[PDB]
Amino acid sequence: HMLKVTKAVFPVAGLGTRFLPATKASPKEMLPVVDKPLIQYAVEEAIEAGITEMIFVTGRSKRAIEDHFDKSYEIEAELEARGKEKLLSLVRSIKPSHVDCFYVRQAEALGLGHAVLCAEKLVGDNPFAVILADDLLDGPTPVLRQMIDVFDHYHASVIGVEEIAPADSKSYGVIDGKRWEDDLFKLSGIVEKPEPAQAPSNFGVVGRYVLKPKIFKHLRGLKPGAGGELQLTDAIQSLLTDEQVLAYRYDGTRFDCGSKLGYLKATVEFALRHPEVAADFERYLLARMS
């Protein structure tokens, strides 16, 4: 009976400088897409993939994350005294009954690899998901669900990837491997933010991972890599030196809300999806562009 994936680690401890001043007292993963934080979309994707344990690695402004998911006595009493039963149900669904939220600190912002390592003793000897909420994903089925299906079948760590334009390679981890299926690669290498001429493929890492606990030994051995940060990507490279690691070309779509441009695109996309504002927003865009 092989181990199942029931834990997800959400690093939300970066500096968020691209979104200052708004990220002064709240992480970039709390930025709202019209009315819902990025991190809530990510947790909802984990929940639909069968994850019941959410581990948040917090840095500066841990309270914005904690108070979003933890029960608020005040808000429930206020909504109940006003008979706003639909809104009350909406607020309670932020953390459904069987979902646990656990918190650990990254005191120093030393990079994504270091953030994941802070969660080591909460994950224990278990496979686990890593979800970067600034990668806002959708798909016919949740991307993490697709990836856990690959993990259960091949019993290897799985890295989510998409095709990128070569000029953007300095924004991504970039994989090097052998094709097994139309959507599946066996990795022989992975590099963080290569120059376009040094990129080994057109396949960039998106912020979804299903990792075997062996990754933690390889995170512990990291030295500073790109940008002086301890890179998860270099631990994956070290890991594939010792055991099999796969990359999965997921079925779906991505907004890079780690950049203002992508955040703007996500906002526009959300708007057209909601009938409360869709028609009116359509009309405004047409008159506004002309």
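From 1 onward, residues are counted along the sequence shown.
Judged by mean Cα B factor in the deposited record, 84-92 ranks above the other of 84-92 and 116-124. Of the two segments examined, 174-182 and 156-164, it is 174-182 that shows the higher average Cα temperature factor in the deposited entry. Within the listed group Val12, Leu15, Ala279, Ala25, the record reports its top CA B-factor for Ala279. Per the PDB entry, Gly228 shows the highest C-alpha temperature factor of the residues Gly228, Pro32, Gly258, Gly59. Residue-level temperature factors show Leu144 in the middle third of its chain, judged at the C-alpha atom.
Compared with the other modelled residues of the chain, the Cα B-factor recorded for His98 ranks in the highest third.
Among the modelled residues of the chain, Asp234 sits in the middle third by CA temperature factor in this PDB entry. Sorting the modelled residues of the chain by their CA temperature factor places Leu187 in the middle third. Among the modelled residues of its chain, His68 has a C-alpha B-factor that falls in the lowest third, as given in the PDB entry.
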